[PDB]
């Protein structure tokens, strides 16, 4: 059992959980020490400018079950207000309870209240979650292309 509330006071815990989770997806042979510093840098960098909102899912003991990180910004193609989701993460043992879906609905509701015209997010092309988002009304508009150098 859980509630979804503002997560401003949980940013440190969110940062640490994100660091733990994200490491398994890194494709370059960097040291964990190098990863930690870069993760810290990027996280603060993204957090430093703009209108951010965190929602957290908490249990009865106020422990962190998951979060969504939203940023209100301008669309680089449409030049309208949008809500960009940086991530949605759920603790491994709490997955299957519908918490991620609930956090997304909450984000979508907050976005509309703030006057956003779209929710926008990045999904890895190999990730089976693409279908999960499509079922929830998300459509791929663009590709992130990469070349190694």
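Residue numbers count along the first chain shown, from 1.
_Entry-level comparison of average CA B-factors, 127 to 135 and 5 to 13, reporting the higher stretch_ = If you average the C-alpha B-factors of 127 to 135 and of 5 to 13, the larger mean comes out for 127 to 135.
_Residue range whose averaged C-alpha B-factor is higher in the record, 54 to 62 or 83 to 91_ = Of 54 to 62 and 83 to 91, the stretch with the higher C-alpha B-factor average is 54 to 62.
_Top Cα B factor in the deposited entry, candidates 69, 28, 43, 35_ = Of 69, 28, 43, 35, 28 has the highest C-alpha B-factor.
_Sorting 114, 118, 122, 39 by Cα temperature factor from the record, which one lands on top?_
Spelled out: the listed residue with the top C-alpha B-factor is 114.
*Going by the entry, which third of its chain does the Cα temperature factor of residue 107 land in?*
As the PDB entry reports it, the C-alpha B-factor of residue 107 lands in the lowest third of its chain.
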